[PDB]
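In structure tokens, the next block holds one chain alone, the form deposited in one PDB entry.
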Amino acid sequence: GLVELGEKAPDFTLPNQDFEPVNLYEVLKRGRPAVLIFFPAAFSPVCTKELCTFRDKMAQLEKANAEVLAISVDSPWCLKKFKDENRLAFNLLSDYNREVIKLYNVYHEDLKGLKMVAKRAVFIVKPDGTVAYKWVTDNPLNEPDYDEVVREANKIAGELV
């Protein structure tokens, strides 16, 4: 149940904010790396800061032509409002039933009395499905190193040529 570096990323299907099924392997078949951003909660201070920082660096991410998939346990309805309010130009996926967080081993048993919330984590998956980058924090106040995520995603894109 551990998603190690160089290992194949487990496939999953999740509804996005508009209730459309998004499958990781179908995304990878497009030929661009996938950036999986797990976050504890829509509308929380750090998650809003995190998704807005990735939005402000979208142009740098679109150079690498990378697919960004942000994931939390919030409903697609909550995720739709959160995407619209922040002008997020990528898909937010609902792991409402806790299947994906258990699969990627990125969950908090308890956060502020809320059970089984996603940990803040970032994975970069190559088109062949191998995990090329894994960042997981036990403290949700910590933010990923954005510039390094964008740099590593761009490095995969350039290596694909």
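Rigid core here is just the name for the largest C-alpha set that superposes within 1.5 Å across the two forms. Heads up: residue numbers just count along the shown sequence, starting at 1.
From this point on, the text means the form deposited in another entry, which you will not see here.
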| property | result |
| --- | --- |
| Entry of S44, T130, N105, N65 that shows, once the rigid core is matched between the shown form and the other one, a C-alpha shift of 2 Å or more | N65 |
| Core-aligned CA displacement of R55 at least 2 Å between the shown form and the other one | yes |
| Closer or farther: C-alpha pair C47/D84 in that other deposited form, relative to this form, given a change of 3 Å or more | farther |
| Cα distance between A89 and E62, which in that other deposited form differs by 3 Å or more from this form, closer or farther | closer |
